[PDB]
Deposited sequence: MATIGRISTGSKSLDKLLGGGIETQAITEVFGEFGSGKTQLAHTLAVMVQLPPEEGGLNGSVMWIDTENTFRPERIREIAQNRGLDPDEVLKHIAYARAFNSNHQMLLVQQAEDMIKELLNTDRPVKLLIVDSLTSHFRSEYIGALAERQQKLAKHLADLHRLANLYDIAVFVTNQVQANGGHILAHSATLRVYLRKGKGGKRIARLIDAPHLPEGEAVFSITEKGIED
């Protein structure tokens, strides 16, 4: 398949990304608590449902939530201010809460079943969100870094296999703050560092210029 792109909602961020986040890729956004990673996830879950002329892929979404941070009412707001019907947008987001890191890993295998079901339809899965990818692994493997890295490596490999095999954009969030971080090392296809700037602006930089945007009723925008 050709590489598809999903607009982030921000022209600035899209330019930094060469058009948007890519299918057949894992995009990892990392930064401190409150930097806006989950807002970017919510925005992408709407944008992907637009036609390509507006920066989407007419795609369906699968969302794995590890922190109970998915907000359907926020999806509705973004959809309504992106000219889409909010009920339709929500009907095309499959949502699951991961109870722990082992359940999170099983949910990726389950996602493949729905991906296959939708593959030949007019609304194939085009976006798989894992928010937060690292939170359960970090809390469960305190004092056991070597074992944590083994499990994370397999999880990321599963996500790669889905991105490439089914032409999906995988978008993952990772909280990194004071003294923290192996990030995801070199595993993601693309690492985006997100931070707060003056006056509520958000600033993004590729790790391995900078885009600037705001969180609004449209999700994010310049």
Practice problem: Mind pulling out the bits of the deposited sequence that never got modelled, as residue ranges from 1? | Solution: 1, 210 to 215
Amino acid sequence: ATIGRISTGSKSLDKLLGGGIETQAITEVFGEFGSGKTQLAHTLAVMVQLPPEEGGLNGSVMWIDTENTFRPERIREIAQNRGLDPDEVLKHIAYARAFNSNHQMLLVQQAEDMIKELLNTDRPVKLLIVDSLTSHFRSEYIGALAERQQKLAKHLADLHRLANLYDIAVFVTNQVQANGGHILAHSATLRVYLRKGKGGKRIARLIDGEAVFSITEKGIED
From here on, numbers count along this sequence of modelled residues.
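Take the two forms, find the largest set of C-alpha atoms that superpose within 1.5 Å, and that set is the rigid core.
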Exercise. Output the stretch, either 171 to 179 or 153 to 161, that has more C-alpha displacement from this form in 9 other deposited structures of this protein following superposition by the rigid core.
Key: 171 to 179
Quiz item: Which has higher Cα B-factors on average according to the PDB entry: 181 to 189 or 26 to 34?
Solution: 181 to 189
Practice problem: Read off the CA B-factors in the entry, average them over 67 to 75 and over 143 to 151, and name the higher stretch. | Solution: 143 to 151
Quiz item: Going by the deposited entry, which of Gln109, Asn100, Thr134, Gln80 has the highest CA temperature factor?
Solution: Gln109
Exercise. Sort the modelled residues of this chain by their C-alpha B factor and say whether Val176 lands in the lowest, middle or highest third.
Key: highest
Practice problem: Divide the modelled residues of the chain into thirds by Cα B-factor and specify which third, lowest, middle or highest, holds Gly55. | Solution: middle
Quiz item: Going by what the PDB entry lists, where does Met105 fall on CA B-factor within its chain: lowest, middle or highest third?
Solution: middle
Quiz item: Which third of the chain does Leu206 land in by C-alpha B-factor: lowest, middle or highest?
Solution: middle
Quiz item: Against its chain's modelled residues, does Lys196's Cα B factor rank lowest, middle or highest third?
Solution: highest
